[PDB]
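For reference, the chain that follows is the form deposited in one PDB entry, supplied as structure tokens.
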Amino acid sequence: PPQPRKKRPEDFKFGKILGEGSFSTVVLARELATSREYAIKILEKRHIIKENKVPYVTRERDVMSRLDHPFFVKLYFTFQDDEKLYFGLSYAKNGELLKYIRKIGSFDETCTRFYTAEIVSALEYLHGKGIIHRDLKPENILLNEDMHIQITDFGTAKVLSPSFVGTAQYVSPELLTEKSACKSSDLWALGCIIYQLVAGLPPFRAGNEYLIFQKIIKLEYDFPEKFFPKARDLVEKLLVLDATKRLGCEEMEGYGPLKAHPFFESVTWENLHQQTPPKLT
């Protein structure tokens, strides 16, 4: 069937900048005819070419096209002028999850269990499609108007068929040891995020990047006594140095055992995005 007439920059009232990346700038714009708000990611063609990012941008547009799930940023359209590329993304009014971590300090058991499960569910879908986020962090986990998660940042993402290092704090050991990236690299990033939800801070913390990596490879981190145990036991089954021994991966017979964990005992996995999120303290 045909498509709706190609959108141009002139069809938008561009507002505040929402975020600034190395290669792009996300701006809040209002579609004039429909009065809808999108998060337009604006990338400069010369700059992408100069910095050899054409596969990065191509991959990003392609992955975002095959994603169709309530926990993921939707790509509504793409257009371009002489200089720039425009990507029409779904707009999350409540911003980063990190914002809410910094705000309330640390999450309670009900809240940690809710957003953790949402993240687990999102990762089950993504991986089900054979895609690795490769940079999953509280900075990439956005919060929409209705307080449900919306994962973004797919430039870094890898689509498997049968190279890159993410944010230091969430980097998996195999990336530092064998330069390797797998579905399980996202399951390490998840364990990190859960520890951040319960403790207020990520598990591997040090002066510079080099020191962080040393802790990661040495598995050097510790749980505060206050940490919920079932939450500790789950983090323990994810921050495993052997990648094939992480809860949620193919070698550990998939996502079933992960969802089956005692920390998700009271979770209705079935309709999470329809569920009313727990008030953040």
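Note that residue numbering follows the sequence shown and begins at 1.
The same protein has a further form, the form solved in complex with a partner chain, not shown here; the description that follows concerns it.
Next item on the list: Work out which of the listed stretches, 136 to 144, 86 to 94, 168 to 176, 201 to 209, brings a heavy atom within 4.5 angstroms of the partner chain in the bound PDB entry.
Entry: Only one stretch passes the 4.5 Å heavy-atom test: 86 to 94.
Check: Taking 4.5 angstroms as the cut-off for heavy atoms, does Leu75 touch the partner chain in the bound PDB entry?
Finding: Within the cut-off, so yes.
Check: Would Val57 sit within 4.5 Å of the partner chain in the bound PDB entry, counting heavy atoms only?
Finding: Yes.
Checklist line | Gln80: touches the partner chain in the bound PDB entry, heavy atom cutoff 4.5 angstroms | finding: Because a heavy atom of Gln80 falls inside 4.5 Å of the partner chain in the bound PDB entry, the answer is yes.
Check: Quick one: is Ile48 in contact with the partner chain in the bound PDB entry, heavy atoms, 4.5 Å cut-off?
Finding: Close contact exists here: in the bound PDB entry, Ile48 approaches the partner chain to within 4.5 Å, heavy atoms only.
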